[PDB]
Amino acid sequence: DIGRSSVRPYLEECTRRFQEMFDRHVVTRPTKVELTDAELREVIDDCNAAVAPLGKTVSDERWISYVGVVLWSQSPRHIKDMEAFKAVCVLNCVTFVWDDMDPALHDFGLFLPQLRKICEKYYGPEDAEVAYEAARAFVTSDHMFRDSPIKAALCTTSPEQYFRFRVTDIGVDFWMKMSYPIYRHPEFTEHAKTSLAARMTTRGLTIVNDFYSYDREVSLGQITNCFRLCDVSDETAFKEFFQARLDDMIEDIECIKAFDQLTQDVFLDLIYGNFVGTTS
């Protein structure tokens, strides 16, 4: 049953309603950042360099698909450091190539040094330690938690426990901690470093992500998906659950608007830009 269930019947309407929510609560539309050809060149090279020692080649095309969500989910209004921006591009793609691999191919001895190399190139000395630590902590978490009892408990107990897990596991804390040098904005730097930035954005990112990867994830027996907490085959149960998650997103967005303007801009562009890049 559960591996054969599907949110396909709700695809069009839920997509419609995500967009309607965003239109009514965020209003500002996401924009894609512009990478010059040199910029796009350096990124893919740094990506291949970091993944070579692991015995993996991946196509320019696969890279570009991965970079595209970063381009959508950042906030081009406020970019001030494009080296930081390039770092975030590379570290996102390499860590998601590392995630689509087999776990037996996961040689941390080969990998963490490449992650550290990337951070050292693009970041100042202090910022590079923050980004590297968040990357290290992210990939170690994933290694610790596969087939783990903790993961089963947090992902099956309640939305609260689940989203608590995903603050790290979906990589949003990692995202904020490598992204703040892009904006060099003091308040945003602090919210990223206290992880309040991650805590405010986790549900909007996760609920969108979970919905569009449900069918692939439950067929592969993944359990990190908030929609396994409801019976998606019961339309009345699903729609009620989906409405609850939509209220979660609204409350967070309405709370995000108490932050300073620039931080707010970055938080909402991430959430709504991720929705757009996920459906492109």
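Just count from 1 along the sequence shown to find any residue number.
| said: Going by the mean C-alpha B-factor recorded in the entry, which is higher: 174 to 182 or 91 to 99? | reply: Of 91 to 99 and 174 to 182, the stretch with the higher C-alpha B-factor average is 91 to 99.
| Would 115 to 123 or 130 to 138 have the larger average of its C-alpha temperature factors, as given in the entry? | Between 115 to 123 and 130 to 138, it is 115 to 123.
| task | Please work out which residue in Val58, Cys255, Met249, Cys226 has the highest C-alpha B-factor recorded for this crystal structure. | result | Answer, based on the entry's C-alpha B-factors: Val58.
| said: Looking at the C-alpha B-factor values in the deposited entry, which of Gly204, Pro76, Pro159, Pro149 comes out highest? | reply: The listed residue with the largest C-alpha B-factor is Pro149.
| task | Could you say whether, by C-alpha temperature factor, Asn274 belongs to the lowest, middle or highest third of its chain? | result | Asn274: CA B-factor falls in the lowest third of its chain.
| said: Using only modelled residues of the chain, where does the Cα B factor of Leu71 rank: lowest third, middle third or highest third? | reply: Middle third.
| said: For the chain shown, is the CA B-factor of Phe85 in the lowest, middle or highest third of its modelled residues? | reply: CA B-factor rank for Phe85: middle third.
| Chain thirds of CA B-factor: placement of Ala198 | CA B-factor rank for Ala198: lowest third.
| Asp169 CA temperature factor, ranked by third within the chain | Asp169: CA B-factor falls in the lowest third of its chain.
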